[PDB]
Structures are given as C-alpha cells and as structure tokens.
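**Student:** I would like the atomic coordinates for the input below:
(chains A, B, C, D and E, ligands or ions: 2)
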Amino acid sequence: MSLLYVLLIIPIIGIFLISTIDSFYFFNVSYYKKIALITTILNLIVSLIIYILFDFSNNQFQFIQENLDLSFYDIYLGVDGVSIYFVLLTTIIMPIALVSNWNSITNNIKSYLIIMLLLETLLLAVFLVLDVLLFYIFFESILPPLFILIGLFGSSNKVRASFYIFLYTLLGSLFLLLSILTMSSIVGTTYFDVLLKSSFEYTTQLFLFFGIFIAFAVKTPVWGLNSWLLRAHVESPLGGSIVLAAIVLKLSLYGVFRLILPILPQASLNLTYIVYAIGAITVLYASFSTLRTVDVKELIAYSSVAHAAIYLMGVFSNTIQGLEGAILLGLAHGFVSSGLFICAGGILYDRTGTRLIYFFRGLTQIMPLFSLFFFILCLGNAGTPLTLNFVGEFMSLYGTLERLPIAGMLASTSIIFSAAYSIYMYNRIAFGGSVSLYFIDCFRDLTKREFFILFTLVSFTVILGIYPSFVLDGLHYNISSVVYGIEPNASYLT
Amino acid sequence: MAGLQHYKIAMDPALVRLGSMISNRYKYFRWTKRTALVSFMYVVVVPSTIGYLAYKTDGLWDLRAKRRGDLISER
Amino acid sequence: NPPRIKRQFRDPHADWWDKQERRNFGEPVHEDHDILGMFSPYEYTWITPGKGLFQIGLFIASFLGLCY
Amino acid sequence: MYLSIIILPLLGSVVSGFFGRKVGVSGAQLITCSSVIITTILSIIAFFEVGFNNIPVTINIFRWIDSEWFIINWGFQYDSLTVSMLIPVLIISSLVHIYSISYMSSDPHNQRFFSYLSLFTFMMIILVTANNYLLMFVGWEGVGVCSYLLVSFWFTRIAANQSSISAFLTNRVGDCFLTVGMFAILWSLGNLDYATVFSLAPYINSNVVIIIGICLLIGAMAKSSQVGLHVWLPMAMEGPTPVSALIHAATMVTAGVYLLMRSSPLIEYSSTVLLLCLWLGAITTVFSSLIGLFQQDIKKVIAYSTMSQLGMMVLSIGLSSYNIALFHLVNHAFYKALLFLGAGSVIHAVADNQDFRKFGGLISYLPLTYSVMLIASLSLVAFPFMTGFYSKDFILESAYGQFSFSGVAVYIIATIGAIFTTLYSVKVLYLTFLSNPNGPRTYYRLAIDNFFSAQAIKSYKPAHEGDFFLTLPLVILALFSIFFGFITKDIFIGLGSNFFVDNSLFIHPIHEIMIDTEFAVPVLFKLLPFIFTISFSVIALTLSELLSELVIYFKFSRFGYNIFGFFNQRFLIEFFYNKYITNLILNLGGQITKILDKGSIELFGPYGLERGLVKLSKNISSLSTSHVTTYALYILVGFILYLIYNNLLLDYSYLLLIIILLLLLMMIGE
Amino acid sequence: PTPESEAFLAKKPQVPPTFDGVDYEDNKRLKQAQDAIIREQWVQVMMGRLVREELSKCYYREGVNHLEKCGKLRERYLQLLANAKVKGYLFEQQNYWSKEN
Ligand SMILES: CCCCCCCCCCC(CCCCCCCCCC)(CO[C@H]1O[C@@H](CO)[C@H](O[C@@H]2O[C@@H](CO)[C@H](O)[C@@H](O)[C@@H]2O)[C@@H](O)[C@@H]1O)CO[C@H]1O[C@@H](CO)[C@H](O[C@@H]2O[C@@H](CO)[C@H](O)[C@@H](O)[C@@H]2O)[C@@H](O)[C@H]1O
Ligand SMILES: CCCCCCCCCCCCCCCCCC(=O)OC[C@H](COP(=O)(O)OCCN)OC(=O)CCCCCCCCCCCCCCCCC
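**Tutor:** Numbering: from 1, shown residues only, chains lettered A, B, ... in the order given. Ligands and ions are numbered 1, 2, ... in the order given. Sharing the structure here:
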C-alpha cells in the first residue's frame, strides 16, 4: 500500500466512520466534525512524510506502486516536483476549510462532512494520476459533489450558482475530452511516461491546443468565461469557497504542465500571442470590474480572476522563472484567498448576515484582530513583498515580459490595480469613519477559532515570502523538463 | 435570516433594494446601439488590438547580455 | 434613480441619521452609491475643465518663452 | 554592529505594537526610543568605520530568491553612501521619537503610533543597506506601507483615508515602473545585485541603459514627488506632525533621490536619462515653490518646500554630480525636521489649528519656537555661511559651471524658484510671529493682565510653549542647521575628496564640471542668489505691515484672482487627475460590470441560451398533441424526407440548412 | 581539484548529454539522456553563479579600480551570460541536427 494510495484511502475511511458511528453509539454532531477533522489531519501528516522522503532532482516518478495487472482503466499514482506542492496545498487547506465552517453549517452536517472528505480524495487523485485520461476522470468527478454542496449549503441564489459551475465546467471539459481522446488514439495510451515521449504533428498540435485551451480558459477562469466563478464562489458555503478558490482553480494550472507544455510546445509557442491577449485583457477588465463590485465575497472572488491571469501568463512564458513563479503564485493565492474568504464569508457574514459593502465602516474600532489579519491579507492580495504573493507575481511577470514585452507591461499594470481594489476594499471595511451606524448590536472580535485559521494562513504566506526556497528547491529540476528551446552553443554536444 | 443567528443590523430598505437590482440586472439587458458598440469595443477591438501588437512584436527583441555595438532588435 | 450628486455637496449641518456620510437612514440611493459618498474622488470646483486647460497653456507658453 | 542596526528598530516595533498591552504606553516609548537611539549611535560609529577609513562591509545572511540565474540574498552592504544616508535617518528618527513623547501625550493610541515609527525606521534602513535592487525594493515597499499606516493613523477621518489611498496608489504607480526596471536589469544581466550591474554598466547596449534608466527615474519620481507623480506629499500631511517631519519631509521623500545616487555607476552612461534628470528636477522647483506661496496651511506650505529641495537634488543628479545632491539631502533633512517639528509646536500652541489667516502675535508667547524657525528658514533659503548655503548655493553654481543651454536655463528656473522660496519663508515667519494677532483673544490672554474675576486659575490658555521633550530636538536640530553644513562640506564637496573611492557614487571623467564651478563661474552669478534672497525679503517684508494693501489690490483684480487660485489649486494637476484619470477607471469598471458581466456576456451566454432554449423546447413539445392521426402524418413525412435525401443524392449541406431552418421557424412562436 | 563527494556520486550521469544512439523504446536510457541534458545545462549555469560571486568580491575589493582590475572576471561572466541557460531536453529529444549539413 503505497503512501500515495494511503492519501486517497484515509478520507474514505473517515466517510465510513462518519456514516456508521451511530450504529455503535443519538450520536452528537461534534463527533462527526471531530472524525472529519482528524481524518484530514492524518492525511496532512502522510503528505508531510512523503515530502521528507521526496527527492528534489529525480526524473522518475516517485512513490509509485507496481500494478502489472493491466486493465482498460487502471489508476497509477506517482509524484514529482510539479505535483508535490499542489498535493501539499490540498492537504494543508482542507483542515482549515473544515474549521472555517465548524459553527456555520448547523444542518445536514453529516452530508457536508462526507462531501468535503470525498472532495479531498478526488482533488488529490487529480494531482497524483500518471495518465491523461486518469487526469480528466478526476478533474470532472468533483462536479456532482460540488453541485450538491452548493445546493445543500449555499446562499439564496445557490440554484443558479450550482447550475452555472456544473454546466460551464462540463461544456469546457467535453472539448478537453475530445482533445484527450485524439491523443490516446494516435499514441495508443495516455500514460505520462510514454505520451510525453511522442511527437505530434504541428496541425495536430494546433487542434489539440484549442480543445484543451477552451477547457483551461473556462477553469482559469479567463475574463468573459468567468460568470460561474462570480456565482459559485460567492453562493457556496465558506468551506466550499475555500476549496473552490484555493484548490479547484489550480487544476487547470497543473494541467497546463501535464497536457500542453510537454506535448504541444510548437502550438504553445505559436499561440502565445493569443493566450497573452486574453491574459492581458483579463488582468485589466477584472481589475476594473472588482473596483466597482459591492458584494465583499464577489470582490474577493473577482480578485482570484485577476491573479489567475498572471500565473496563466507565466506558464506560457517557456522560461524557468515564469513557470516557477506560476506555481508559487498559485500556491500563494491559495493561502491568501482562503484567508480573505474567511474574513468576508466567515467573519463578516456570520456577524451581519449580509455581504454588501455599503453596511460596513470603522470595524477596526471594535475588531482590531480582524483588521490586523485583514490588512496583512489585503497586502498579500496586493503583492506586497515578504508575502509569497510578491515572489510569485515578480517571477511570473518577469517571464511574461521576457517572452513578449507588450503583454508583460500590461500584465505589470496589475501592480497598480491589485493594490487599488485591495486597499480600497480594506478602507471601506476596516477604516473610513467610525463604526457603521447600521450596526445596532456591537460586534465581538475574532474568536480563537477565527484567529487561528487566519494566523495559520498568514504564517504560511509570510514564511514562504521570506524563504521561498522551501518550494523552489523542489521545482528546479522538474520545471526544467517542461522548457522548450535550445541555445546555439549548448545544443548537440559531441 | 440565515441559518445561524447574526447580530441585529439596521437593514436599510433602500440599500437592500439597490443590492437586489444589481443581482437581477442581467435579466434586463437589451441589444441597442449603445450596448452593441460598448460590447463590441471591449470584446473584439481592444483584445484584437493587443493581439495584433503581441503578434507583430513576438521575437522583436532580446535583452540578454546585450552590449555596445549590438542592437536589441532581434528580427 | 435619484439625481446623482456627490454626497460632499450635501450640507454638513442637516439632520443626518449618519453625519459622516450625510445621509438619512432610508434615503433613495443612486445605483452608483459606492462612488458617490464622502470616501470617493474629490470633485474640485475651482474652475471648469475648458477654462482650466487654457490657464495651463499660459504657464507652458510662459515657460516656453523663458526657454527661448 | 552592522546587522544590529538592522534588527533593533524591528524589535522595538514588534514589542511596542504586539505587546502594547504588556509594556503599556510608557513601556512602548521607552523601547522604541531606546532601540532607535542605540541604533543611531552605532551608525555614527559606522560612519567612522566605513566612510572615514574606507572599509566597505559586506554581510550576506541567507538566500531570498534563487531561480537559475537570479540569486537574490538577504545581503546587506555598507559603503560610503549608505552610511551617509543612515546618519540623518537615525538622527531625526531619534529626535522624532523623543519629540512624539509630548505631541501624542493626549492621543489614545500611543503604543500603535510608536510601533509604526520604529517600523518605518527599520524599512528605511533596509532600503539603503541592501546590496541588490530586489531587497532594496522591499524597503521601498516597506516605507510605503509604513507611510500609508501613519497617514491613516486617525482612521475615523474620511479625508485622511483619501490621503493614505493617494499615498499608497500614487507611489504604487512608481513601483510598477521600478518593478519593470528590475525586469530589464534581470533580462540583460542575469541578476540585479549592485556589484554586478555596475561592473557591467559601461559595457551594455546604450539603448538598454535608457530603458533601464528611465524606469527607475519614474520610480524615483513617485517616491520623491516629482511634477508628474507629486500629489501624495501634500495630501500626506493629514497624519500627525512628527510623521510629517520624519517620513514626509526628511527620510522617505529622499528614497527616490537615493535610488538615482546608488544607480550612479549605471545611469552615468546614459545622457538621455541624465538630461531628463536635469530638466525634471528644474521644473518641480518653480512648480512647487509657486504653489507654496499661495497655501494657507503651514504644513502645506512646507510640503511644497520639501518638493522644491528634492527637485534640486533631482536637478543636481542631472549635472553628473551626485555628491552635491547627497550633500543637500543630509543638509535639507535637518533644516526640514527643524521647520516641521517647530511648526508642530505652533499648532500645539494655539488650538490644534494651522490656518495662516488666523495666526498672529506669538513672537513673545513662543520665543524659542520662533527662534528655531529663523535658523531653519535661513538655512532653507541658503543664507551665507549656514548649513543650507554650502549645499543649495552650490547646486546653482554647478549648473552654470556646466556651460550649456540646459545648464544655464535651469539656473534661471531654479533662481526663480529660489526667489519664490524666501517669500513663503517670509510668509511662514511673518504671519505666525511678526504680524498682528489674527486669532481669537483666547490665544493671547496672559495672567499678568487682569481680565477675569473668579475663574482666574483657569480659562486663560495663553498659548504656552512645549515641555522639555518638545524643545530638546528643537535645540539640537538648530546646531545642525548652522555648523553641520560647514563642518562636512569638505567630505562632500572638497576639491578632490576621495570619500567615495569605494565606487559607492560614480562620476565619469567626461561629465566632470566641478573645476569650472569654482573658477570659471563669474563672481556676479555666484553671489546672485544671495542678492535676490536679501532683496526680495524686504519687498515681502514691506508688502506686509508697511504697505499691506498693494497685494489685496492685485488679489481683487481679474488677473490676480485667476493667478491666485491657479497657484492655490496647485496648477490643477489634481482636478484633471481626479476627473480624467481616477474617475475614468471608475467608469470603465462601471461599464464592464453593467454592460458586459451583468450584460451582453450574460445575454450572449448562459442567460440567452436559457431564454431561447426554453422557448425552443416549449414550441417543439406543442407539436406533441397525442392525436394518433397527427402522429401518423409525422411518421409519413419523416418517411418521405428520408427517401428524398437518399434517392436524390442530396448535398449534406442542404440537410443541415434544413435542420437550421426548422430550428429557426421553431424558435419563432405561433 | 575538489574531491567528488559521496552525494556527487549517486547523481553523476553515466551517459553523455545527447540523444544520438538512444533507443526511445528503452525507457532507462532515454531517461538517462534527459537527465544528462538538464544537468549539463544547470552545471554550466552555476559556473555563472560562481563567476558572478567572484566578480562581486573583486568589485568591492577593487573599489574605483574595478573598471581596470576585474576585467578577466567581467568577460568570463559575460560569455556565460551569453551561452548558459537551462533550455530543457524536449527540443533536442524531438529534433535531430547534424553539423555536416
Ligand atoms: C520602458 C522603456 C522606456 C523608453 C526607452 C526607449 C529607448 C529606445 C529603445 C527603442 C527600441 C528598444 C526596444 C523597446 C522594448 C524592448 C524591451 C521593453 C522594455 C524591457 C523592460 C525599440 O525599437 C524598435 O522600434 C520598432 C518600430 O517599428 C522597430 O522594429 C522594426 O521597425 C522597422 C525597421 O526599423 C521594421 O520595418 C519593422 O518590421 C520592425 O518592427 C525597430 O526600430 C525596433 O525594433 C530599440 O531602438 C533602437 O533600434 C535600433 C534599430 O532600429 C536602432 O539602431 C539603429 O539601426 C539603424 C537603422 O535603424 C541606424 O542606422 C543606426 O544608426 C542604429 O544602429 C536604434 O536607433 C534604436 O531605434
Ligand atoms: C477513488 C475512487 C472513488 C470512487 C467512488 C467511491 C465511493 C465514493 C462515494 C460515493 C458515494 C458514497 C456515499 C457515502 C455516504 C453513504 C452513507 C450515508 O448514508 O450517508 C448519509 C448522509 C446523511 O444522511 P442521514 O444521516 O442518513 O440523514 C440524516 C437526516 N437528519 O447523506 C449523504 O452523505 C449524502 C451526501 C451527498 C451525496 C454525495 C455527494 C454527491 C455525490 C454524487 C453522486 C454521483 C457521483 C458519484 C461520484 C463518486 C466520487 C467520484
């Protein structure tokens, strides 16, 4: 039983215990929440054990278990540098997501925990599978649990939201499936170790690129294909929102490393000016739009759109710096956007019952712990240094500028507007007068739970912001394998 | 109002009405001269302009280790 | 929609349910409420845009005349 | 010692801010002041250790960012320039911490205020001690965040909220240009560490240096309030007065000046950026000085006065002589920390009020407060044989020393700005101390004159001066504004001084103009600024309290009214900014949310499909009548269509068009 | 020369940095070839890191005289900056080239 298969098995045992413990003890709801939390903790503990044993400079997939009982659809698991940190981010985030809803579900708690635990197994399976069809099977398997999570525990407009996220993702994924099936037909197999060895013809690469890019653009999302995010990420329960923004957005980013950079390098090189136009447009249009967004979670949801454009531009830079920056920005956005949704969807929305920004003012006066963390998360969302958000933005933007300067400059302008919308929101909530006259009751400050799910998130971004080498050390050799090009005097040694 | 009891707010009817109008605004969009031009400016022209500049200047320069007597122009 | 005016043009000596933003509790609000209140870009009203550009040209011409 | 100068303000800021409950108000003041003073003393030693004996000290701790070619380390490097700028930074910070012991005595947030002041000092020290451009930019963003938190310190005030966003966003524009500039360094040189950029500077493409050089000048433009991005510094006067003195008048505004001075071994090889350095600095001198003459706020006049001194440094940078700019940056910092802190006494003296049109008397009520201004004022207007004389009255001479059209023209511009400099200098001095009492009688009511009968112990408020803590920095800064300029003029000017042979600053031999400055310049132009200074003072002093109505006659003409407002409205570079830049973006965001996101992209997307397909779905179902006779007809017609298509060898495109038509008609009701 | 450490024994490429003579069917040898491509590129680039490092110490040690004394160290970095860059194996794996063309 490989460590990687252990990762997928623990959350399934937790589901079993959650749904059977009543036959051994009316069981208290606190029991279910404790089973689910410990389950995610042991999954985090296993992912940390794997990371200690992980080797930073191996071109072999590590911790793979030999199957040799070949079938039509077999599940092979393996990990290298590009997948190791996405696996860690999934295992760190999900316990925080569980605590972020400890008190705010209050109904169908068994269903919420089983759905949350199942989502962990599926999302981890996405980052661990060593086959392109296996990748697709898990990328899509999460829609029905996502569809039912929003509908069971979402806000007032959760019906329109759940439909939007289901149908957008399916429609785009159906175009990715067509591209994937063409690959398996030509090659005979979708296993990574032998599909990357193959060489597709240019026009095949061109049509393979559109099919895959249409799906990755719905999931980034790119601007104009992002209606589903505006609805789903806001109407979802807080735990759903954290998982949706901090893990699910990353699948398309990790999928660019496994599905287009190795097999479609000519198409990627010849179409970067189209990816960059869409990437540049998304940086500006989203930034201007979130400046005028009045729902606090939708403002924070809309920020994810702007940052996802920056690491989408990085992965197509064909440079070592852009690709490392893209993973580091995708990781950084995972912590910071998780904290900002806890601040908005968890702290403000539980106190007031509303998310309109018009009703908030001067919260610093009564809530100095919320404002202290909120400001640090508003700095991190603005790409301020000593946050992992700056190291990722600077490396991602440097690659974008070097690959194509006109897009780099425009994507650079995000340094202004991210700051602009992040600080403007911060002032209309924490500063900007005395406590809002709409509040009749006074508000309490962060509970111990709220303090420690924020302190944990702001610790990860800051420590990684001062020493990003912890992550870059395990990306240097694997990131190198996805670069496409040669130097005049280093190529073809004899 | 929600599942978990919150504090008592002075829920202003005017602000509540404003936040509902925004959430429902998509149902009332119509194609007119104005709405067609704006939607054509943002979606087609400005993106196609950037795509033109990105396409035209892809590979035009390299800054790496450039010296005096050696240009930045690459094409 | 009410006529959209920056709330700074309200008077600060009126019976205001909220003095800081100079609004009664349930006043009808313009759909641009978010960018019409006190916390917002200040609307300077010393001169009108056409006349102001003329005055700047005088300084540039004077600056240009000094250089010549 | 070298690394203790780094962490000591940091530790002082962490304890005061995160444990203000534990140490209390006085505990915080004891730590921040002690940590800054101990740090300040060590810098004085470092000036001897590094500047005087010429030992640059390299300290590298651990790697920050390591990707292939980029190896950015948390490395610090002490040379002549960083210890030059560490002296005023630590000295005034020591004096501002001490000064704030009294100014904030009634503030209910003393621990937070002192925590911020020590964090800014830490961020300033990081900015100048770094040995690479990226780690420097951390302090660059660091002082910017500390500036934002100290402007918005009174966060319940809506107008100070707008100021901090102006401080944050205007500077962020500069950092975008600066970030792009480091990209161009990284792209061309592999890394952005100082010893690499300057080792390869004479050898890289001249066009590259222009691309490089322009970028950081725009970044330098934002953090030193140049005519383009200049609107944050006077708006940034909404914070407490020591913050205005420390961050917005003597230390951070000098970060843009520091960036060009450290980059001197690189920008020297680009006359295009250097020429842009000259005129840009020249422009902001008349721009700032003119506006300052027509400001009613004491702090707002001073803000315009800082912008002028920085503009002369930017001017001096264009003259290929960065040492004089370094000479003026240290010299300007002391006279300025003097002017503002003493000014803060004036606001503290009367009512927490700062409007000129209600100030008067106070010459005897605040004797010491008046005295420090006069020393500061003459140092600012470069009175002969004072601290500002050796710096301000050497930049102007250096400009004539370079015998060119650009050098002579900026002289005329700077002199006019220097002419208008003394007028607001006179306005500050006269309207607050040497004029008739324009404030209420409450300010001027001494117990010596019998006014009240019963409430004699109280209800006097005779505009008293400050305590020891308020006057000790005032006295100390006075000496620096008299003797420090003369004492150090040989280190920074000399004739062939070797204080920068460690290459910290770099001057190319072809760009040297200093020899002509001492000899070729004519005596008349050398003493010309003094002639205008000692003359135009008397007209300003005669235009008030002697004539006092020539100006109002000019004011109420139509020509004067338009000029007065234009200069009072700061050239209108904020009305077109607010309306044609800021609100343009706000309307662009409005259009995108309302027309596209909540608009066309929903209609030409999911919402349109939902509308149409429900319509299309309902019409097709209406053909399902359950009339068995009608169904038989449908089967026959489908039978006939299949026979036509296969028997007649129909083009497939005919079939698809027919289906599209059948959807079209079905899409139409009835 | 610096002795080869025990760590720099388990990761030495037993194969030359090339794809000529590699049977792409055989997985071990292709993977070794890709390993040799990347490691050579990284080895060549850390040369620039050490040269950059030395030039830094030279620059400070020489002060103003850096423009005249650190010349050899200047050029060596510039040559490395011109040539060394991790470009991956993927192009060379997929595209054969010959000098006798
Ligand atoms: C923030 C920057 C602040 C502003 C500073 C600008 C400072 C000046 C830089 C301008 C620059 C830097 C690239 C900028 C972006 C690169 C990275 C971006 C920033 C990285 C962070 C962009 O210059 C580009 O402009 C293009 C305009 O189309 C031209 O491309 C082409 O245009 C048409 C053919 O010329 C084609 O038909 C068209 O197909 C191409 O498109 C080219 O001129 C060039 O590629 C390079 O300018 C330099 O280019 C060279 C060749 O000209 C010039 O050398 C000259 O050549 C001989 C005949 O020329 C002269 O006899 C000789 O005397 C001299 O040797 C220079 O004199 C100078 O001009
Ligand atoms: C690695 C490959 C894995 C392949 C799949 C292996 C199995 C994965 C899980 C599939 C479904 C397992 C369901 C586990 C729960 C079953 C036990 C149970 O009865 O839970 C009941 C629970 C609460 O209901 P109850 O407590 O009885 O009522 C109380 C009312 N006060 O009620 C619930 O829990 C219902 C929870 C909501 C429904 C689940 C989430 C949506 C699932 C959509 C199903 C279709 C897609 C299946 C996808 C499988 C994973 C990809």
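**Student:** who touches the residue of the stretch 301-450 of chain D found nearest chain E in this structure?
**Tutor:** At 13.7 Å from chain E, residue D:323 is the closest residue in the stretch 301-450 of chain D, using CB to the nearest CB. Where C-beta positions appear, they are placed from N, C-alpha and C, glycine not excepted. Neighbouring residues of residue D:323 by CB atoms under 8 Å, 6 or more residues apart in numbering or on different chains: D:492, D:493, D:497, D:499, D:500, D:505, D:507.
**Student:** Please convert these to CSV, extending it with distance to residue D:575.
**Tutor:** Below are the contacts of residue D:323 laid out as CSV (distance: CB to CB, whole Å):
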residue, distance to residue D:575
D:492, 41
D:493, 42
D:497, 47
D:499, 46
D:500, 44
D:505, 40
D:507, 41
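**Student:** Is residue A:229 in contact with residue A:306, as I believe?
**Tutor:** No - assessed by CB atoms under 8 Å, residue A:229 is found out of contact with residue A:306, at 11.6 Å.
**Student:** What count of nearby residues applies to residue A:264?
**Tutor:** Using other CB atoms under 10 Å in any protein chain shown, residue A:264 has 25 neighbouring residues.
**Student:** ok, now how distant is it from residue D:644?
**Tutor:** For residue A:264, the distance to residue D:644 (CB to CB, to the nearest Å) stands at 44 Å.
**Student:** Repeat that for residue D:307.
**Tutor:** From residue D:307 to residue D:644 the distance is 85 Å (CB to CB).
**Student:** and those two? which has more neighbours close in?
**Tutor:** residue D:307 (24 against 11).
**Student:** Tell me which stretches of the stretch 251-400 of chain D form helices.
**Tutor:** Under the criterion DSSP state H, counting those that start in this stretch, the stretch 251-400 of chain D contains helices at D:255-262, D:264-267, D:271-293, D:298-318, D:322-349, D:367-380, D:389-401.
**Student:** of all these, which lies closest to residue E:64?
**Tutor:** Closest approach to residue E:64 among the helices of the stretch 251-400 of chain D (CB to CB): helix D:264-267, 10.0 Å.
**Student:** Which strands or helices does the closest one pack on?
**Tutor:** With contacts taken as 3 or more CB pairs under 8 Å, 6 or more residues apart in numbering or on different chains; DSSP states H and E, helix D:264-267 sits against helix D:194-200, helix D:206-223, helix D:271-293.
**Student:** can we see that at 6 Å?
**Tutor:** Under the contact criterion of 3 or more CB pairs under 6 Å, 6 or more residues apart in numbering or on different chains; DSSP states H and E, helix D:264-267 touches helix D:194-200.
**Student:** Packing partners of the helix it packs on?
**Tutor:** Here helix D:194-200 touches helix D:264-267, helix E:27-62, going by 3+ CB pairs under 6 Å, 6+ apart.
**Student:** Show the subsequent helix or strand relative to the last one.
**Tutor:** If I follow you right, that is helix E:27-62. Toward the C-terminus, helix E:27-62 is succeeded by helix E:66-69 as the next helix or strand (DSSP states H and E).
**Student:** how many other residues sit next to the nearest residue to residue B:74 once chain neighbours are set aside?
**Tutor:** Setting aside the residues directly before and after it, residue B:74 is nearest to residue B:62 in space (CB to CB, 6 or more residues apart in numbering or on different chains), at 4.9 Å. For residue B:62, the count of nearby residues is 15 (other CB under 10 Å).
**Student:** How about residue B:57?
**Tutor:** Residue B:57 is flanked by 15 other residues according to other CB under 10 Å.
**Student:** can you pull the contacts of the residue nearest to it when sequence neighbours are not counted?
**Tutor:** Nearest non-adjacent residue to residue B:57, counting by CB to CB, 6+ apart: residue A:406, 5.7 Å away. Neighbouring residues of residue A:406 by CB atoms under 6 Å, 6 or more residues apart in numbering or on different chains: B:53, B:54, B:57.
**Student:** mind listing what the residue nearest to the spatial centre of chain C touches?
**Tutor:** In chain C, the residue lying closest to the centroid (CA atoms, centre = their mean) is residue C:43, at 1.5 Å. Residue C:43 sits next to residue C:6 when contact means CB under 6 Å, 6+ apart.
**Student:** what ranges do the strands span in the stretch 251-400 of chain A?
**Tutor:** For the stretch 251-400 of chain A, applying DSSP state E, counting those that start in this stretch gives no strands.
**Student:** Can you name the residue of it nearest to chain E?
**Tutor:** In the stretch 251-400 of chain A, the residue that lies nearest chain E is residue A:320 (5.5 Å; CB to the nearest CB).
**Student:** ditto for chain B
**Tutor:** For chain B, CB to the nearest CB, closest residue to chain E: residue B:65, 4.2 Å.
**Student:** In which helix or strand does that residue reside?
**Tutor:** Residue B:65 is part of no helix or strand, with elements assigned from DSSP H and E.
**Student:** which SSE is the spatially closest residue to it that is not a sequence neighbour in?
**Tutor:** Take residue B:65 and drop its neighbours on the chain: the residue closest to it by CB to CB, 6+ apart is residue E:81, 4.2 Å away. According to DSSP H and E, residue E:81 maps onto helix E:71-83.
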